[PDB]
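Consider the single chain below, provided in structure tokens and representing the form deposited in one PDB entry.
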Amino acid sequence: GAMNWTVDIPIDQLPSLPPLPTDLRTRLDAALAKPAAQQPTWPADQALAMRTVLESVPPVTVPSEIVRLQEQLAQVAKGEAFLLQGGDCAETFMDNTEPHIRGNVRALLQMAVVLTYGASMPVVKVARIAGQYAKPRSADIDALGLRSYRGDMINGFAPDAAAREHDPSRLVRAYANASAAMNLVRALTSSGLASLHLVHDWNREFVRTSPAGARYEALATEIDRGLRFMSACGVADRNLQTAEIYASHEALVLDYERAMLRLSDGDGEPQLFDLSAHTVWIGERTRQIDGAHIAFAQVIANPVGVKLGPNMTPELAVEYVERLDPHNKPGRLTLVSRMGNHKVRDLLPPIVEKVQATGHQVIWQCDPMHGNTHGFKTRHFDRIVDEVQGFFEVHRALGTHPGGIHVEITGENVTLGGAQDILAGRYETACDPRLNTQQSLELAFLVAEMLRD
């Protein structure tokens, strides 16, 4: 009933399923009693109401997928597979569309083909998708004098007061959008978009028309010839038709992640899983060792990652390892270094040494974005490439596994600067400069060479 230009969709009040068990609830309550940074400031009663809704909705992922990912990540940890993680820096509800989702899935796949060939081993494909709807902020008041935008799960991007109020109905809107995206993602990956031959064709079309193309023709051709070799040998080409794309996001809004907790079915044992995603990580600003995010990560069975910035000490890294991998399950923990290209060569070696000596097997993954940011906020492609380069140099020097990358990207032709010639044009992100389709593929070729190198 609006003169508004807004439809109001009623949130159906549906009877609840039985509660989670008690031991697990006591554990959980004790974890969530810890202080949590960067939480939305909506009322408790509204929060509980919205949580209750989410407690009975169909999950975004199911436990047995997560168990599967855990096994695949174990191989990454042991130096036999490589982790590729990429997607929007922030999803918006506005752009949570087929074209945009297709675009990101295809950019990620395109990268995966090149990395799989370059690494010469399987690539675990993890999208920042289907829930990356919440972000920290350091500042309470933005350049316009407004409450900061904290992502669509918390408030709206529009530069006005009303949009910036923290509204917990966005938890439900968030769930609907994540669920819908994930449905699309499963559909696309199982019905042809993730066909290897098709994906590499896009790679050839890139090499043929990009101004940088010439640089990557040899490797592109070599991949092509790899592929044809497979037909030529008459392989059962079934596993070439589909690919698995896992969902991930920063676990930031605890009202959301706790509402999406589920207990798996007996057949070992039933465990607590966060079914909002397949894997989640904890950001720089919320990884307080005695805070609720880390404690939450302790209780869930999903694989998890922690972002490690320039202030990290090898001692604190070791504590993360002891809190988050208390059973020595290889690949249950990923430590994600993001330090800046100027710093990674010095800062990372001691951390790796100290963590390796623990006997635990973590995944070392490089986030070359969140360390290299300087009208618009932009990042230089060269400094991005160089951080991955240094990251590889650390591991090669130490005999450890450079296990993957974490990268912020899109399928759109946006405008980061320096792929081939680069901002006022197409700066579309609701956050950080998002390394357009062409740059992420270039990075993939450059990292492939670091792997053959």
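We number the residues from 1 along the sequence you see. Between two forms, the rigid core is the largest collection of C-alphas that superpose within 1.5 Å.
Not on display, but discussed next: the form deposited in another entry.
Of the residues 241, 313, 356, 288, exactly one exceeds or equals a 2 Å C-alpha shift between the shown form and the other one once the rigid core is aligned, and that residue is 241. Core-aligned CA deviation for residue 20 between the shown form and the other one: 2 Å or greater. In that other deposited form, the CA atoms of residue 404 and residue 239 move farther apart by at least 3 angstroms compared with the shown structure. Annotation: residue 430/residue 10 CA-CA distance longer in that other deposited form than in the displayed model, change of at least 3 Å.
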